[PDB]
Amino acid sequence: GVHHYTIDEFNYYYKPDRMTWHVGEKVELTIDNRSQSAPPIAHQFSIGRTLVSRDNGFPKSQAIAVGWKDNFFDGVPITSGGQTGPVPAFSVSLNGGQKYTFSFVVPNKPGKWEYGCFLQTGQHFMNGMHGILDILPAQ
């Protein structure tokens, strides 16, 4: 069947912050921006590998996240309401209280992926806004 997954966004973390899918699973994923602040803030949800950070040539106690080198959803056909097809550079951006639901088949990309928010020049990411996606081979 279609498996329903929900990832809630809060300042500055995801619930759940860990998720496990199998290759070939039918997934319907809802990203919901449940920002609790006054005012509430926008959040990003991107699945990728290999973190890119800023560089200025000086060392940092905390590297400033700017994105993923590898997008998990590259080539992955997605359905969301009336639209079907792959989305170039797919990332989910939501104002406070907006949600977005989309469905796909988990691609043959096994192993450890990460999800993250790069907004406010990586301050959300530095504050904890990232999680881990494990892709298991089809049983």
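Note that residue numbering follows the sequence shown and begins at 1.
Relative to one another, 67-75 and 51-59 have unequal mean CA B-factors, and 51-59 is the one with the higher figure.
Ranking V105, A38, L29, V87 by Cα temperature factor from the entry places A38 first.
Split the chain's modelled residues into thirds by C-alpha temperature factor. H22 is in the highest one. In the PDB entry, a CA B factor belonging to the middle third of its chain's modelled residues is recorded for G128.
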